[PDB]
Amino acid sequence: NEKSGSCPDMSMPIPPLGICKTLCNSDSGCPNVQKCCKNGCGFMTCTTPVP
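Sequence order as written determines residue numbers, which begin from 1 on each chain and need not coincide with the entry numbering; residues that lack coordinates are not included. Excluded from the side-chain calculation are hydrogens and water; included are all heavy atoms of the structure.

Determination of this PDB entry was carried out by solution NMR, according to the record.

To count as a disulfide, a pair of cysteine sulfur atoms needs to be within 2.5 Å. Evaluated as defined, the whole model comprises 4 disulfides. Between the sulfur atoms of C30 and its disulfide partner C46 the distance amounts to 2.0 Å. Because the sign of the S-S torsion sets the handedness, a value of about -110 degrees for the bond joining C30 and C46 places this disulfide among the left-handed ones. Of this pair, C30 sits in the segment before β1 (35-37) while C46 sits in strand β2 (residues 45-47), placing them 16 residues apart in sequence. Between buried and exposed lies partly exposed: a residue is buried under 20% and exposed over 50% of the maximum accessible area for its type, with that area taken using a 1.4 Å probe on protein chains only. Overall, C30 belongs to the buried group, its relative accessible area being 3%. Assigning the bonded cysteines of the protein chain consecutive numbers by sequence position, one obtains the connectivity 1-6, 2-7, 3-5, 4-8. The secondary structure listing takes helices from DSSP runs of H or I that are at least 4 residues long and strands from runs of E that are at least 2 residues long, numbered from the N terminus.

Further remarks concern unusual backbone geometry. Even without being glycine, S11 reaches a positive phi, approximately 60 degrees. Locating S11 in the fold gives a position in the segment before β1. The phi torsion at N32 lies on the positive side, around 50 degrees, for a residue other than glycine. Tracing the backbone shows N32 in the segment before β1.

What follows is the structure in structure tokens.
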């Protein structure tokens, strides 16, 4: 739990394209250094880590 930062609470970016399928299960689930949060179609995807 907790890689470096946290989830970017904003919900600003909203993908209109037909994309409704999770991928990650948590921080450790996401690759590179992306955090696993819910900022799309209500699933668990990777996002940018916020300090």
